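Structure first, commentary second.
2 protein chains.
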Amino acid sequence: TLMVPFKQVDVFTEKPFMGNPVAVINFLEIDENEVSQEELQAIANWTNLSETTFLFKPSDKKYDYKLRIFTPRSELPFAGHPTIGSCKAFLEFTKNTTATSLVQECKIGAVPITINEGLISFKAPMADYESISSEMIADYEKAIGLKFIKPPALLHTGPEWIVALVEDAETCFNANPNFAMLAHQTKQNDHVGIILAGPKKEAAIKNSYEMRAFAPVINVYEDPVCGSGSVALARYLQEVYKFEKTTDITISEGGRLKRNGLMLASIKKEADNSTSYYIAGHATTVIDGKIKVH
Amino acid sequence: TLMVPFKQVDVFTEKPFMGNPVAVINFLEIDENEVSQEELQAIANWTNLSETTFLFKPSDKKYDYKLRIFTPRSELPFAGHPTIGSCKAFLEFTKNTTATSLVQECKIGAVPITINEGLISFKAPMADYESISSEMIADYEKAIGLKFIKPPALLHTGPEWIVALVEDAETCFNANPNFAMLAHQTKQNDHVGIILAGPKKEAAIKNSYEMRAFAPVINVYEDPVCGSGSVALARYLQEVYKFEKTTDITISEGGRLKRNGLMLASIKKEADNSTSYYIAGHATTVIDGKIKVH
């Protein structure tokens, strides 16, 4: 049996089983040429996780590794939580306990990563905003069961997420949406789902939010830890609150599903007065071992 | 970090990624008393596999091990494919390359297992039959897109499966059911789904069938390798064909989803002229390593 190293890394947590897993296969010592896309696809389909990734030798010395990223259904050109977990796994696979930055090679091109005391961070490639009709809004309010404190909007962050705010964290936490109504409305509206959030008003850390991500149209009624969602939330918050300094949003998620994800979304004011969107989290290897491959 | 051995075993295959996985946690050297049901549940929810199992010391010397069996949502008192994969994992965990029989302890009581050249076998605890209305039948034919060669029936095998036969293996393989119609009809009818099968008519091995299992009402539009389904198919075939000798049904499944499961369902004529239903398969460990636990 050929076996290569394998780690299943829990992303957005330091505590096992509280985050969102990514299976990461170490193909750093085999020729990517000699591994078919169908083989890769089959492995991702079999693990049945949101994504399964594969580490390969980079195309050029300026990158530390190439990452191929797969869902059970297709290859993605990029995703956030797999990037973070794969970075953690790489460090471990290569016995590296000192790197503070790395550059990942993937379909999207170069993705610089920083590591700060376990906090792994990259710039989100996409975070666009777009207003939604008041009709859409009223219907979504119907589906969620709550009035929003600001107009929701459509955020393009990879997936098509509606972001909507409620009065506080508790209200968001305790929401009980009608999932079939949401699947109906999102299907009708071509959206993946809704990101619901509310502020933790008496938190020591400012700009702390509770978030929830609901995607019943793709049969993820609730995503327990949703990285593309925190970028949406970040980008939304910028439009609504129009921050002038670099602002960190501290997002907690997943407690209704008995998880506990932590995501740090940075709205970074660049030297050109432009804005960039960073996502960061801890990750912890939960399953460590090897996997049989062809 | 406490880490205990872990194997992810592919059931109904000798070839990796072709079967149906079960995650198997080795808790044989820790006190089951000291591990909460919520902990176990959380691990099963996090792996997100059909089942996740845990090996514990048995309650009495007459058993080789106790198995606790979990879906992402609940503990089951029993299931077939997890039993087979967990048996394979146990053998490996305890460096046993010679056992030909074992007895598993679980909620259902004692479950004798035999191992024959890698073929792992147990008696299915439940296999009841029940006729269905011709109205139900005609509708299901509508949902599948094919006429059946015999009356379908309801088989109680754990899940509530309709079993239906078509002209041959190819016809079954090439079926393209309307999944939403099936979800509608099964939801209405309180069934989990349909097991579709057809005979491989020119096969060297007699009583070879291609099977497919569709359970869209529980969001498994197609189960790629379905052990409870092969027991249904076996029990159905007994009623329809009324076999007088012990008959093996050789079931192949999963090619439409790019898998290749093999299940051996035995209709065993007992000394009392009664009938028992055995299920058997190979299993292969695909991920081998350890898992962090609390």
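Keeping their order, the protein sequence lines are chains A and B. FYI, our numbering numbers position 244 of the first sequence as 244, with every residue one higher than the one before it. FYI, our numbering numbers position 62 of the second sequence as 1062, with every residue one higher than the one before it. Every residue gets a Cβ at the ideal spot worked out from N, C-alpha and C, and that includes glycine.
In terms of Cβ geometry, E1014 of chain B and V1293 of chain B do not form a close pair [threshold 9 Å].
Taking the Cα positions, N45 of chain A is about 9 Å away from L1257 of chain B. Listed in chain order, the non-local C-beta contacts of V1192 of chain B below 8 Å within the same chain comprise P1159, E1160, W1161, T1186, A1215, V1217, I1218, local neighbours out to five positions each way being set aside. For a cut-off of 8 Å, the C-beta gap from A175 of chain A to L154 of chain A is around 20 Å, too long to register as a contact. Following the DSSP letters along the chain, one finds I1030 of chain B in no alpha helix (DSSP H), marked with neither H nor E. Note that the C-beta distance between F70 of chain A and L28 of chain A is not below 9 Å.
Residue contact with chain B for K292 of chain A: present (Cβ-Cβ distance below 9 Å to some residue of chain B). Taking 9 Å as the Cβ-Cβ cut-off, the region 36 to 50 of chain A approaches chain B at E38, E39, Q41, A42, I43, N45, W46, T47, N48, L49, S50, given in chain order. The beta strand (DSSP E) runs lying completely inside the region 146 to 221 of chain A and spanning 3 residues or more are 153 to 156, 160 to 165, 193 to 199, 208 to 215, given in chain order. Distances from the alpha-carbon of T1275 of chain B to those of B:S1266, B:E1075, B:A1079, B:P1077 put B:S1266 closest. Interface with chain A (9 Å Cβ-Cβ cutoff): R1259 of chain B is included.
Look at the beta carbons and you see the region 1232 to 1241 of chain B not touching the region 1005 to 1024 of chain B: under three pairs across the two are nearer than 8 Å.
The beta-carbon of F90 of chain A is placed no less than 9 Å from the nearest beta-carbon of chain B. In this structure, DSSP gives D1288 of chain B an extended state, which the three-state scheme calls strand.
The C-beta of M1263 of chain B comes no closer than 9 Å to any C-beta of chain A.
In the DSSP assignment, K269 of chain A falls outside any alpha helix (DSSP H) and lies within the beta strand (DSSP E) extending over 261 to 269. In this structure, the straight-line span from the alpha carbon of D168 of chain A to that of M181 of chain A is close to 23 Å. Proximity to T246 of chain A across A:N260, A:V225, A:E222, A:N273 peaks at A:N273, based on C-alpha coordinates. Restricting attention to B:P1152, B:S1228, B:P1224, B:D1190, the CA atom closest to the CA of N1260 of chain B is found in B:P1224.
Buried is the label assigned to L91 of chain A, since at least 16 other Cβ atoms lie within 10 Å of its Cβ. Three or more Cβ pairs closer than 8 Å define a contact, and the region 1192 to 1203 of chain B falls short of that threshold against the region 1122 to 1132 of chain B.
Residue environment for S1133 of chain B: exposed (fewer than 16 other C-beta atoms within 10 angstroms of its C-beta).
Distances from the CA of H156 of chain A to each of A:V166, A:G255, A:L2, A:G229 were compared; the closest alpha carbon is that of A:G229. Close partners of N219 of chain A in chain B (Cβ separation under 9 Å): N1219. Runs of the beta strand (DSSP E) lying entirely within the region 40 to 108 of chain A, each at least 3 residues long, are 52 to 56, 65 to 70, 101 to 106 in chain order.
Closer than 9 Å to the CB of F1012 of chain B there is not a single CB belonging to chain A. A residue is called buried when at least 16 other Cβ atoms come within 10 angstroms of its Cβ; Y241 of chain A does not meet this threshold and is exposed.
For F17 of chain A, the residues of chain B that pass the 7 Å Cβ criterion are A1042, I1043, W1046, in the order they occur in the chain. Around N1033 of chain B, the same chain offers no residue with a beta carbon nearer than 8 Å, after the five sequence neighbours per side are excluded. For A1023 of chain B, the secondary structure class from DSSP, reduced to helix, strand or coil, is strand. Using beta-carbon distances, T94 of chain A does not count as an interface residue toward chain B, since no partner is under 9 Å. Taking each of B:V1286, B:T1284, B:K1268, B:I1287 in turn and checking the Cα distance to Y1278 of chain B, the smallest one comes out for B:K1268.
Close to chain A, meaning a Cβ-Cβ distance shorter than 7 Å, are the following residues of the region 1206 to 1232 of chain B: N1219.
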